[PDB]
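>>> experimental structure and its sequence below.
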Amino acid sequence: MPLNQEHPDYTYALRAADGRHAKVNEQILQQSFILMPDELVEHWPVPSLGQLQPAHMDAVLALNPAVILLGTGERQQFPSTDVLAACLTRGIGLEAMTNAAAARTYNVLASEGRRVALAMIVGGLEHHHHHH
């Protein structure tokens with residue numbers, strides 16, 4: 001018998017990440033969130049990496065992953081070198097990509113079965129821009 005049961009619920013799948021929005025199954029997220037093969041962490045109050053610090057990634061470090069895929073939506077920017085220090089010492093593979101690219105790498109790692117932390121930041125919090 002498959003010994004992976006007891007309220008496993010339904011396996012969430014990422015359908016499409018455009019960079020400003022993220023379509024998780026049928027859920028449209030427009031913020032920053034952490035997806036892992038354990039649960040979905042919607043609560044990540046870091047919409048901009050200008051506040052990105054191990055102190056706010058502590059929750060991520062507490063989960064203790066092997067590789068962390070950071071999606072910068074469509075606005076690619078690298079995390080503070082301060083963050084890299086904490087990652088390097090633990091041996092954490094922190095990768096900064098776009099949501100489109102991260103979705104591909106996450107697919108591979110999901111099939112590998114290795115603990116990957118998918119941190120998606122979608123830079124699409126705004127609405128109807130200026131034209132009416």
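Everything's here; your move. Numbering: from 1, shown residues only.
>>> which elements pack onto the biggest helix by length in the chain?
With DSSP state H applied, the helix covering the greatest number of residues in the chain is identified as helix 99-112. Helix 99-112 sits against strand 14-17, strand 67-71, strand 93-97, strand 116-121, with contacts defined as 3 or more Cβ pairs under 8 Å, 6 or more residues apart in numbering; DSSP states H and E. Heads up, the C-betas are built off the backbone N, CA and C, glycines and all.
>>> and the last one, how far out from the chain middle?
Just to be clear, that refers to strand 116-121. Centre-to-centre, strand 116-121 and its host chain are 1 Å apart (Cα atoms, centre = their mean, to the nearest Å).
>>> quick one on the thing from earlier: the helices and strands packed on helix 99-112: which one's closest to residue 40?
Proximity to residue 40 (Cβ to Cβ) singles out strand 116-121 among the helices and strands packed on helix 99-112, at 9.7 Å.
>>> taking their axis directions, the closest one and strand 93-97 sit at what angle?
In terms of direction (axes from the mean of the first three to the mean of the last three Cα atoms, to 10 degrees), strand 116-121 departs from strand 93-97 by 30 degrees.
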